[PDB]
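# A structural model of the following input is requested.
(10 chains)
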Amino acid sequence: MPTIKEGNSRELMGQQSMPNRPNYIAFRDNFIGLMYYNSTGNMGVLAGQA
Amino acid sequence: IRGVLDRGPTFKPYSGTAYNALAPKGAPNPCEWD
Amino acid sequence: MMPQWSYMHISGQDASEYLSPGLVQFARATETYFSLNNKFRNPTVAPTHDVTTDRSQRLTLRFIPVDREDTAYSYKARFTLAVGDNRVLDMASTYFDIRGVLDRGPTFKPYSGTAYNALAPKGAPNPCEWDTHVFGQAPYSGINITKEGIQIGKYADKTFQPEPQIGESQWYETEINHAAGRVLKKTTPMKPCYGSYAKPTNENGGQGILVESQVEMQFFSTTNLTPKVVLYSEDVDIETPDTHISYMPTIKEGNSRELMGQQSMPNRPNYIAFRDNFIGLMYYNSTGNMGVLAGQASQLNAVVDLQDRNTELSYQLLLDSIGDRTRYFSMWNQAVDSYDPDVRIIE
Amino acid sequence: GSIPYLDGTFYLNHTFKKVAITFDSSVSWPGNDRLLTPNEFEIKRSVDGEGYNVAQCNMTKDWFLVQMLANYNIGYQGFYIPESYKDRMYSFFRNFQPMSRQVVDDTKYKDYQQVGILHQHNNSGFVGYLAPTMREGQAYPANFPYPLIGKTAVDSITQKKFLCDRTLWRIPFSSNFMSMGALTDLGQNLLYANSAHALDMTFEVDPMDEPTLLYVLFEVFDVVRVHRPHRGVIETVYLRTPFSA
Amino acid sequence: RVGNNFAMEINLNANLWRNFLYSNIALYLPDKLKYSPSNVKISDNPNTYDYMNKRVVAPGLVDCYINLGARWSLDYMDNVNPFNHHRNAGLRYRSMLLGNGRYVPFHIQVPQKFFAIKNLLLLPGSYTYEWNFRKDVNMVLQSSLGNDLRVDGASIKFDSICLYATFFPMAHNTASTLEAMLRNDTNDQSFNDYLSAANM
Amino acid sequence: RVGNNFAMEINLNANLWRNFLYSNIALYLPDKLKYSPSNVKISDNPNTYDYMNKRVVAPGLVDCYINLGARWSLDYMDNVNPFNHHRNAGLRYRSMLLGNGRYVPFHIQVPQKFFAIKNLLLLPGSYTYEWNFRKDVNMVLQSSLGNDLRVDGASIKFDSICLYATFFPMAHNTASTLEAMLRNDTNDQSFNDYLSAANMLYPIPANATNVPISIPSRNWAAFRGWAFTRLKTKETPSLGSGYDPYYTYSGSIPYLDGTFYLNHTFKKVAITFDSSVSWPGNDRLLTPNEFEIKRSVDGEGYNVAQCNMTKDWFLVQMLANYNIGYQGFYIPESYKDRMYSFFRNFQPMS
Amino acid sequence: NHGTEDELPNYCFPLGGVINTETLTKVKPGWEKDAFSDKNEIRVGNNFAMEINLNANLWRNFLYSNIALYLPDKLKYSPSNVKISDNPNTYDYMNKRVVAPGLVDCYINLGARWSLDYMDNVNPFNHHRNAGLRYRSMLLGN
Amino acid sequence: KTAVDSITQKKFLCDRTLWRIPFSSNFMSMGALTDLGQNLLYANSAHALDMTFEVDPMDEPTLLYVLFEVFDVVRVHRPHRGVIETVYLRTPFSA
Amino acid sequence: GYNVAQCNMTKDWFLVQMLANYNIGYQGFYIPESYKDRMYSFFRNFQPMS
Amino acid sequence: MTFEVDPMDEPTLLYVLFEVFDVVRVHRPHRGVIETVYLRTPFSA
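Numbering: from 1, shown residues only, chains lettered A, B, ... in the order given. See below for the structure:
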């Protein structure tokens, strides 16, 4: 940025552009985190109705 | 499971640009000023 | 102990013994199409007696040489390898720990290219002076040029200012009226920019030789008289530790317009190190420098070598047969010699 | 980002200095004069203890021995590359990377000069200043870095270290550190069954300018027995020892 | 044209090498080695993408002449999570699995990992199977920069969850026989957790 | 701006390819193809780095249009040690193991290789263990250029050498019992050298083409067979002594390391017992009187695998290495085809 | 398509490292001319430079060479003022038909792992990057 | 369409390996101790051996390296504390 | 809903192919052992895209 | 422990001696054999 001054000017002709940092986003390996485990408050359940 | 996901605005699955990649990084677009 | 252990299968019988016979049979018969193996645990219990000592005992011992003899082209080391009572030693578990100093010499160059001005064209020259002409650059744009040099706020510190690293930020013509640069005196041999190096003489990066800074400004103008440019001339300890001249325009000493055309080229890469598996370090198959392994009580040498034998190679071939020579193992300098297939055979 | 605690993307194993294990406030484990430095597990040594190091890095002979045995039972009959099927992704060896390099000796190189980025020049006139921007400056003999090679190489100093990512440091509760069964020899010793013991551990780590955690896994038996006596009836018996829940 | 032609020089190889260093190492350098840009608005939140993306870093930090001829990891990078990177093949692939776009309708299959039930052979009867799923983006999602997805606008909504189960079309007489056997305590199933440890 | 912009053209790909050829092949070309630079001082010693570094080579020798569309090794480079190169990963790694600097304080662990003691289980007692270590840089060190390290300033000094030994903390009763058993001759340990061979070297004068060898009548019981290669005298230090004054080379040493690279220079082999009997004789081979390694055009028909190797030879090598040959030819199982094996290293070209 | 690592700019410079020098005269200190020579060349400001995106270029060349040219004929067009065979099963034909690089440019399906829907039904084996065929070809010679 | 009259060249490389000629009746590996090596004709008497190698010419001194495959063995005896006795046997080609 | 593996393939089909090629399917889905997953095999050649 | 001291215009040190038993037991079973047993309590090394 050649100037913190708004509006188009000969000055801005010298501004330089640079690509944004790559940023991958996705679900985790083996869906880690999706299901709760080892948490007393959100404990899974497997029981015979009987 | 089926649902919807919005990776948000910070998601950028690549390096570099998709626009005017061959243009020198300081070269300007044909413009006009006061 | 006991109870919970057997019940939980932490110990005790194997599934084959604890499960009912019908099930075992069934399991064996269904195996290829429907497996039950992973739903029954099989305990693994380590032995509790007659394996290890309860007594105090070192796992590793270190022996100091009893006699040493540092000679012209060799080194002899003698030890008293002692195997205590109630002990056994597997020779494969022995090795000579060595400490020393090594100078790879001046021809060692662990890389290709240069470490200095790699981006500079191979023929481009450093701003210089000769017999007196000048060929330079003034990238620094100052406020004004006085007899005190170039104003930067507050004149510049000759020892390091201006800094060659600094130039103008824009890409277009701004029109610099008060320019400053850095230049080498005709007393500093000419060398291409590429590969050019000169040790700094001050915490600020200045490389000006100290006598005692000897920097001297030189003012310049075009064709009322007012210097448009000023250069900070100096003598540096110019070197070219990793490149050489690819093009000498004249076998004539001294700086000249001629030398402006010399070309620089990186020196050939040259790796130097110990050999694969420390080959060569120890003597083998040499009657004159024969190893020794003898009982102090027998004094008879268990080692009997021949010039006819090839221990080093034998070991090379032995390794290949028992593992993947492609893997590296720092401990023994186990890193096989290879080459790029694309280099040996051009495709 | 990655969550090592859950995914195994471990990367801070090289920061451990040593480990001292003590039972009942007085007894040193494993004691028995086993290790070169019997009173504790020394993971790495700094220059002063070079002689006790191995593999061309700052790791100690003692530690290398324990890790090799614990992971592959290799150690008493020579050291060699473990068989590939035993050397997995999260294994010791496969992840072990010893490194070395040389740097100017600031205290012995007569002409030494401490020059920072602000004043370093190399490629001046062809590169942007303190940024990935447009070129600026002018051609000029570089003033950095110092030559470590050639007839002019500067007095240097050697640095050794190592990386050991995506693995866990191991100290088996086995008399010879070897794997002779899930249910170890020590784990079955009367001295550990006929009575209760207190345990003290002391870790020495490299300092980090940020809050960290020392993650300890106490290896035990975490088992379940499933009973299914009747239609729609599942009964379970959990047992975790040691460290019963 | 009298003489040689007009020519411009460039060091291809040096350039490439440089670009690799700057892109892969420099930019991942710790924040402490970085500095804020002039005349450019930047977030106050360091856990932000804007922040990580605007902080500037000097290439001279990791230039082509860095530790020349050595096989050395930067002492600055040793304690930096190596996995949070654009060169993480695993994460890269998982990202592409979803697509190249911000907005994604998803369909996935999640496995049961709990050791006591993961390999269990369930006998006939009716069972209540219930589980909890996280909604926290910082937990369910992963980024290469490791920025704060909560602040950073990531979002996730669960539309439907089903339970699938496949059955070996076992012969009835056989299945029945196997059942009887598995109903005896002597033939009780048993499992242990692979990790087998108390975590502290 | 009226019209298109100002532009400069460059062939990126061609350039890269070129740079690769010049750097990796050209510069390694034999000295004979090189020439001295004008107005530039250069050493008189060809075994010198200065020399190897200053000799200039024309890129046109190995330019991007070299043997276009072919998979061919340069006929000039065939007899050039392929291991002496900056692209030798093994050597490169060992070099970096030490660091990137000239001056290095070192700490290493050296293994015992001698076959009679390397795996021996030593019983209780006190033993005298002594060994000799070389100091010769051309021997202990290795360079990619293979220059003369003696002349070239390499130096090495041994400060201290220790002996380490690890012991299984075996139960005393057990250890004692094992000892007793191992003390009986019936339980004597035994080892054999992996190589299992008597090694001989016979000189081949420059330009010589015939190499006759004679072995005075002797006993052959238990004889296993023959194995052979060809080495360069320059790359073979003399081992019949503690020091070789004429050894001015520091590259790979095939005789010791296995970096063999001259096997393609063999034409044929004739074996004869008692001045009259041809082995194997019996009318076994296509050219029964000898082992023909390769044929030149005139004998095409007897060649195989799309190269100049003979059917006979291919058959022998395949059998000898993998027992493959009587029941068809096929790629040997990977575990049998190792690093120093025949097939894995066989490269036919045209 | 993970893009390109083109963060740093790439430049090419003049052989002499400077080309737009301006003739100057040395001066002495209120100043007086010096007579050093009457004509010294000094470059005032930065050097002359040309920019190029190395990485983007390489990536492009790869796309055009490996995918574009293999695109189906239907996406192609005949060149102007250039004789071309009538036989589509001909080499001349396949070699002259022209294809627009914009079809498979560096910004194609950015950030995705996707095979072109156009190429799915195109025999993947008929290609210069078929190692097996390449090797068999070289086995015979060049 | 303009290619010049050509000629074909074939060769081969076979680096980092040793040429082999086993002393076996069918060249196969049927045991360390070969069938021929145990033939009465090679035991009941001594024989002289002549070998003739033909190689490509090289403008530099070289060496023909021959490995005579045999048995290179040792038997270790340890009758008493601090006593190591060995028996070396190399055949053929006894030292 | 009837699709699987993050592509347009059906659960049914994925099941049949896995069983037919490696007998994998009734006791969970997992990557087949390399020696069973050859050049012309199902899994090794399966590429789901989005 | 909390110490209160007079202020000094220079960096100083508070030197604390933790009184314990620092002992050794020497065993000399055979010719040229010295075995030792060190024990420091409290504050074991």
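# Report how many residues lie close to residue 37.
In the absence of a named chain, chain A is used. Residues contacting residue A:37 under the criterion other Cβ atoms under 10 Å in any protein chain shown number 17. Where C-beta positions appear, they are placed from N, C-alpha and C, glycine not excepted.
# The intended chain is chain G.
Neighbours around residue G:37, by other Cβ under 10 Å: 13.
# measure it to residue C:257 for me?
11 Å (Cβ to Cβ, to the nearest Å).
# wait, what's in contact with the residue nearest to the spatial centre of chain G?
The residue lying closest to the centre of chain G (Cα atoms, centre = their mean) is residue G:57, at 4.4 Å. The neighbourhood of residue G:57, defined by Cβ atoms under 8 Å, 6 or more residues apart in numbering or on different chains, consists of B:22, F:12.
# Now the phi/psi pair for it, please.
As for residue G:57, its main-chain torsions (degrees, to the nearest 10) stand at phi -60, psi -60.
# Quick one: classify residue D:224 as helix, strand or coil.
Secondary structure, DSSP: H, G, I helix; E, B strand; the rest coil: residue D:224 is strand.
# Look up the closest residue to it, ignoring the ones flanking it.
residue E:116 (4.3 Å; Cβ to Cβ, 6 or more residues apart in numbering or on different chains).
# Wait, residue D:131 touches residue E:59, no?
Yes - between residue D:131 and residue E:59 there is a contact under Cβ atoms under 8 Å: 7.5 Å.
# more neighbours, these two?
Taking neighbours as other Cβ under 10 Å, residue D:131 and residue E:59 compare with residue E:59 leading, 24 against 18.
# could you pull out the helices for chain G?
Remark: helices assigned in chain G by DSSP state H are G:54-66, G:91-96, G:131-140.
# Ok, which of those helices comes nearest residue C:73?
Closest to residue C:73 of those, according to Cβ to Cβ: helix G:131-140, at 49.6 Å.
# So which other helices or strands are in contact with that closest one?
On a contact count with 3 or more Cβ pairs under 8 Å, 6 or more residues apart in numbering or on different chains; DSSP states H and E, helix G:131-140 meets no helix or strand.
# Outside of it itself, which residues are in contact with it?
For helix G:131-140, using Cβ under 8 Å, 6+ apart, the contacting residues are C:347, F:69, F:70, F:71, F:306, F:348, F:350, G:125, G:128.
# go again using 6 Å as the cut-off
Contacts with helix G:131-140, where a contact means Cβ atoms under 6 Å, 6 or more residues apart in numbering or on different chains, come from F:71, F:306.
# And for stretch D:185-201?
Identification of contacts with stretch D:185-201 by Cβ under 6 Å, 6+ apart yields C:1, C:46, C:48, D:21, D:22, D:23, D:24, D:173, D:175.
# any idea how far residue G:36 lies from residue F:272?
Following Cβ to Cβ, the distance that separates residue G:36 from residue F:272 is 87 Å.
# swap that for residue G:4, please
67 Å.
# got the residues of chain E near chain A?
Within chain E, the positions near chain A by Cβ under 6 Å from any Cβ of the partner chain are E:39-40, E:53, E:86, E:90-92, E:94-95, E:98, E:110, E:117, E:125-134, E:139-145.
# Please check these and keep the buried ones.
Among those, those buried by neighbour count (16 or more other Cβ atoms under 10 Å in any protein chain shown) are E:53, E:86, E:91-92, E:94-95, E:98, E:117, E:127, E:131, E:139-145.
# Filter these down to just the ones in helices.
Going by DSSP H, the helices hold E:53, E:91, E:92, E:94, E:95, E:98, E:139, E:140 from those.
# Columns distance to chain C on top of those, output as TSV?
Rendered in TSV, the data for those read as follows (distance: Cβ to the nearest Cβ, whole Å):
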residue	distance to chain C
E:53	21
E:91	27
E:92	27
E:94	28
E:95	32
E:98	33
E:139	30
E:140	30
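# what does the helix ranked longest in chain E rub up against?
The helix spanning the most residues in chain E, taking DSSP H as the definition, is helix E:12-24. Here helix E:12-24 makes contact (Cβ under 6 Å, 6+ apart) with C:118, C:119, E:59, E:62, E:64, F:15, G:5, G:7, G:8, G:10, G:54.
# again with stretch G:11-25
Contacts for stretch G:11-25 (Cβ under 6 Å, 6+ apart): C:121, C:123-124, C:137, C:220-221, D:135, D:139, E:8-10, G:39-43, G:47-51.
# so who does the nearest residue to residue D:67 once chain neighbours are set aside touch?
Counting by Cβ to Cβ, 6+ apart, residue D:92 is the residue found nearest to residue D:67 once chain neighbours are left out, at 5.0 Å. Residues in contact with residue D:92, defined by Cβ under 6 Å, 6+ apart, are D:67, D:71, D:167.
# how close does the last one sit to chain F?
Distance of residue D:167 to chain F, computed by Cβ to the nearest Cβ, to the nearest Å: 21 Å.
# State the number of residues packed around the residue lying closest to residue D:52 once chain neighbours are set aside.
Nearest non-adjacent residue to residue D:52, counting by Cβ to Cβ, 6+ apart: residue D:60, 5.3 Å away. Residue D:60 sits with 24 neighbouring residues when counted by other Cβ under 10 Å.
# Repeat that for residue D:226.
20.
# Same question for residue E:193.
Per other Cβ under 10 Å, the neighbour tally for residue E:193 reads 16.
# Relative to residue C:43, how far out is it?
In terms of Cβ to Cβ, residue E:193 sits 15 Å off from residue C:43.
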